[PDB]
Amino acid sequence: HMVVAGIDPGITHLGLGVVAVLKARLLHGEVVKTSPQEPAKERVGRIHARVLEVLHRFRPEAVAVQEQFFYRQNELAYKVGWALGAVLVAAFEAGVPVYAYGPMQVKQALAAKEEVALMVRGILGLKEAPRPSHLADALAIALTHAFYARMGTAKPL
Amino acid sequence: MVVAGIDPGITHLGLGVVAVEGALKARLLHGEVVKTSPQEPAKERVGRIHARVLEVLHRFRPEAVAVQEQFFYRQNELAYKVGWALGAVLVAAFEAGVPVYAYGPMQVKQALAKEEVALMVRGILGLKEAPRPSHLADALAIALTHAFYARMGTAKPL
DNA sequence: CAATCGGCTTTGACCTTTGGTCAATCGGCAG
DNA sequence: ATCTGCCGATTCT
DNA sequence: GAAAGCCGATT
């Protein structure tokens, strides 16, 4: 009945998952891998294109992204900001509202990192925990949103 | 030689374009500042940013885009939202097939010389007065800094 | 080529027989 | 409507 | 008083 996209942002790996809804089915999962040897604009451009393509194909009602709290080197925050920007243009273009959730919100909603993954595997009925780590986390975010959405406490912006 | 300069921000984004003759001298082709607000949905702020930039790139067809680098960021969250802004730009820069270059403040100040730098920008472009507001002025300086490095063959991509 | 891995987490100016302090940075809300 | 100006600066263990 | 991640190196 309900379709939710989850995202774990980063410039090198970006986790991208989609679920249909507490029990849900895995509709899609991928990780976008871009290189430092790649021109900045090519890196982010590919990101935007893949996300846009995905949003178009599956038409989710919501996108959920991982919030983050500390950032040892300000520069790192910036490049992650770049990644969320591509997403946002994509989210904007698709007319899909965007929501963001912190790690404790995820952990509490669903559960240790190893402990959370076990619950994601279970809700989606998979033989094994999803890989790699960035995809798994993206899916957790999607599922966290669904949970809050189910109780009417969405968290936009 | 056509060069775009950009001063990134989520609230105010400076956007300027110059055409270089060196004997370094250039003409102002375009200048604007994109204003968005926190009362606006995140996706609408950034989306408008991407659209304006993409429209501008399309109209003026520059050979390069230059953006301001930054060094400190007291609150990591600030860096993030600026990251958002650069992302919209990059999609735009990607879509237009325009290479992107980034420069730090000292590179700008040395190449051209805050009040002292502005005076030099005013001069090179032959304007009656220094450009306003501050975010547009800065964007233009970045464009002009790139041209300078480009002229000596020391481009600085992203 | 996948995946895995371990390190590094801001900076420069000018000053202070020496490594010190120092400021820089921008977004939300108020006139 | 527009510039102009100030203040904060990472949680949860 | 720690939380993540990206890079550039491996294998």
# chains A, B, ... in the order shown; residues from 1 in each chain; ligands from 1
call {"tool": "residues_around", "arguments": {"residues": "residue E:11", "least_positions_apart": "5", "cutoff": "10 Å", "atoms": "only C-alpha atoms (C1' of nucleotides)", "output": "number ranges by chain"}}
result
C: 3-5
call {"tool": "write_last_selection", "arguments": {"atoms": "N, CA and C atoms (P, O5', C5', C4', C3', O3' and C1' of nucleotides)", "output": "compact mmCIF listing (two decimals), in the first residue's frame"}}
result
# COMPACT_ATOMS: atom_id res chain seq x y z
P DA C 3 31.32 -5.15 -3.91
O5' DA C 3 32.26 -5.54 -2.70
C5' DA C 3 32.53 -6.90 -2.50
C4' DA C 3 33.78 -6.98 -1.66
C3' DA C 3 33.66 -6.18 -0.37
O3' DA C 3 33.77 -7.07 0.74
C1' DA C 3 35.69 -5.65 -1.55
P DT C 4 33.75 -6.51 2.25
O5' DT C 4 35.27 -6.11 2.51
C5' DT C 4 36.30 -7.03 2.16
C4' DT C 4 37.59 -6.45 2.66
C3' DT C 4 37.36 -5.63 3.93
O3' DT C 4 38.26 -6.06 4.96
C1' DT C 4 38.53 -4.37 2.31
P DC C 5 38.54 -5.13 6.24
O5' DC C 5 39.64 -4.10 5.71
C5' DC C 5 40.85 -4.56 5.12
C4' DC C 5 41.86 -3.46 5.28
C3' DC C 5 41.73 -2.76 6.62
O3' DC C 5 42.99 -2.55 7.22
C1' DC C 5 41.39 -1.19 4.86
call {"tool": "residues_around", "arguments": {"residues": "residue E:1", "least_positions_apart": "4", "cutoff": "12 Å", "atoms": "only C-alpha atoms (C1' of nucleotides)", "output": "PyMOL selection string"}}
result
chain D and resi 11-13
call {"tool": "write_last_selection", "arguments": {"atoms": "C-alpha atoms (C1' of nucleotides)", "output": "PDB file, in the first residue's frame"}}
result
ATOM      1  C1'  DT D  11      24.492  15.212  20.638  1.00  0.00           C
ATOM      2  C1'  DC D  12      24.043  11.405  24.547  1.00  0.00           C
ATOM      3  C1'  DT D  13      27.048   8.553  26.962  1.00  0.00           C
TER       4       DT D  13
END
call {"tool": "interface_residues", "arguments": {"of": "chain A", "to": "chain E", "cutoff": "9 Å", "atoms": "only C-alpha atoms (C1' of nucleotides)", "output": "count of residues only"}}
result
10
call {"tool": "interface_residues", "arguments": {"of": "chain B", "to": "chain A", "cutoff": "8 Å", "atoms": "only C-alpha atoms", "output": "PyMOL selection string"}}
result
chain B and resi 41-44+46-47+50+71-73+76-77+79-88+90-91+93-95+99-100+157-158
call {"tool": "residues_around", "arguments": {"residues": "residue B:154", "least_positions_apart": "5", "cutoff": "12 Å", "atoms": "only C-alpha atoms (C1' of nucleotides)", "output": "ChimeraX atom specification"}}
result
/B:101,103,107,145-149
call {"tool": "write_last_selection", "arguments": {"atoms": "N, CA, C and O atoms", "output": "PDB file, in the first residue's frame"}}
result
ATOM      1  N   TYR B 101      35.715  24.737 -11.559  1.00  0.00           N
ATOM      2  CA  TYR B 101      36.959  25.034 -10.877  1.00  0.00           C
ATOM      3  C   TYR B 101      36.677  25.704  -9.530  1.00  0.00           C
ATOM      4  O   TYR B 101      35.674  26.399  -9.381  1.00  0.00           O
ATOM      5  N   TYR B 103      38.424  27.863  -6.087  1.00  0.00           N
ATOM      6  CA  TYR B 103      39.543  28.678  -5.625  1.00  0.00           C
ATOM      7  C   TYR B 103      39.386  29.146  -4.178  1.00  0.00           C
ATOM      8  O   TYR B 103      38.276  29.492  -3.775  1.00  0.00           O
ATOM      9  N   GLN B 107      43.958  32.802  -2.645  1.00  0.00           N
ATOM     10  CA  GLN B 107      44.223  32.722  -4.067  1.00  0.00           C
ATOM     11  C   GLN B 107      43.547  33.907  -4.746  1.00  0.00           C
ATOM     12  O   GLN B 107      44.133  34.538  -5.627  1.00  0.00           O
ATOM     13  N   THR B 145      39.376  35.560 -10.719  1.00  0.00           N
ATOM     14  CA  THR B 145      40.503  34.787 -10.234  1.00  0.00           C
ATOM     15  C   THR B 145      40.802  33.609 -11.153  1.00  0.00           C
ATOM     16  O   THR B 145      41.955  33.367 -11.515  1.00  0.00           O
ATOM     17  N   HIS B 146      39.755  32.888 -11.542  1.00  0.00           N
ATOM     18  CA  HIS B 146      39.908  31.771 -12.466  1.00  0.00           C
ATOM     19  C   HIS B 146      40.524  32.187 -13.790  1.00  0.00           C
ATOM     20  O   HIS B 146      41.432  31.529 -14.292  1.00  0.00           O
ATOM     21  N   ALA B 147      40.031  33.292 -14.334  1.00  0.00           N
ATOM     22  CA  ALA B 147      40.522  33.816 -15.597  1.00  0.00           C
ATOM     23  C   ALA B 147      42.015  34.076 -15.505  1.00  0.00           C
ATOM     24  O   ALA B 147      42.767  33.796 -16.442  1.00  0.00           O
ATOM     25  N   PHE B 148      42.430  34.620 -14.366  1.00  0.00           N
ATOM     26  CA  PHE B 148      43.825  34.942 -14.132  1.00  0.00           C
ATOM     27  C   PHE B 148      44.704  33.702 -14.140  1.00  0.00           C
ATOM     28  O   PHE B 148      45.741  33.669 -14.799  1.00  0.00           O
ATOM     29  N   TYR B 149      44.279  32.680 -13.407  1.00  0.00           N
ATOM     30  CA  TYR B 149      45.002  31.418 -13.357  1.00  0.00           C
ATOM     31  C   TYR B 149      44.941  30.707 -14.704  1.00  0.00           C
ATOM     32  O   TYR B 149      45.890  30.056 -15.129  1.00  0.00           O
TER      33      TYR B 149
END
call {"tool": "decode", "arguments": {"residues": "stretch 18-66 of chain A", "atoms": "C-alpha atoms", "output": "compact mmCIF listing (two decimals), in the first residue's frame"}}
result
# COMPACT_ATOMS: atom_id res chain seq x y z
CA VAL A 18 13.03 1.34 -1.90
CA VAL A 19 10.40 -0.49 0.17
CA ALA A 20 6.64 -1.15 -0.02
CA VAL A 21 4.82 -1.27 3.32
CA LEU A 22 4.98 -3.66 10.35
CA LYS A 23 6.15 -5.58 7.29
CA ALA A 24 7.48 -4.58 3.88
CA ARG A 25 8.93 -5.79 0.58
CA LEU A 26 12.25 -4.83 -0.98
CA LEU A 27 11.55 -3.25 -4.35
CA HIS A 28 14.99 -1.98 -5.21
CA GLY A 29 18.46 -1.64 -3.77
CA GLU A 30 21.69 -0.20 -5.18
CA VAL A 31 24.83 1.69 -4.18
CA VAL A 32 26.24 4.48 -6.35
CA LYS A 33 30.03 4.45 -6.52
CA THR A 34 31.91 7.54 -7.72
CA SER A 35 35.69 8.27 -7.75
CA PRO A 36 38.00 11.13 -6.58
CA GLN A 37 39.68 10.80 -10.00
CA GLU A 38 36.37 11.67 -11.54
CA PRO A 39 35.67 15.46 -12.14
CA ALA A 40 33.49 16.78 -9.25
CA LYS A 41 30.71 17.58 -11.69
CA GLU A 42 30.71 14.03 -13.15
CA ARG A 43 30.49 12.47 -9.73
CA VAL A 44 27.47 14.40 -8.58
CA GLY A 45 25.85 14.47 -12.02
CA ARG A 46 25.76 10.67 -12.17
CA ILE A 47 24.28 10.70 -8.68
CA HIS A 48 21.49 13.05 -9.64
CA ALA A 49 20.72 11.05 -12.78
CA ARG A 50 20.47 7.70 -11.03
CA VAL A 51 18.28 9.06 -8.30
CA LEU A 52 16.06 10.82 -10.79
CA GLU A 53 15.73 7.67 -12.87
CA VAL A 54 14.81 5.66 -9.77
CA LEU A 55 12.23 8.15 -8.51
CA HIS A 56 10.65 8.10 -11.95
CA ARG A 57 10.47 4.32 -12.20
CA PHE A 58 9.04 3.56 -8.75
CA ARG A 59 7.06 6.74 -7.87
CA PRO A 60 7.50 6.69 -4.04
CA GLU A 61 5.29 8.78 -1.76
CA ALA A 62 8.30 9.80 0.38
CA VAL A 63 12.11 9.93 0.43
CA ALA A 64 13.99 9.30 3.67
CA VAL A 65 17.64 10.27 4.21
CA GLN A 66 20.13 9.72 7.05
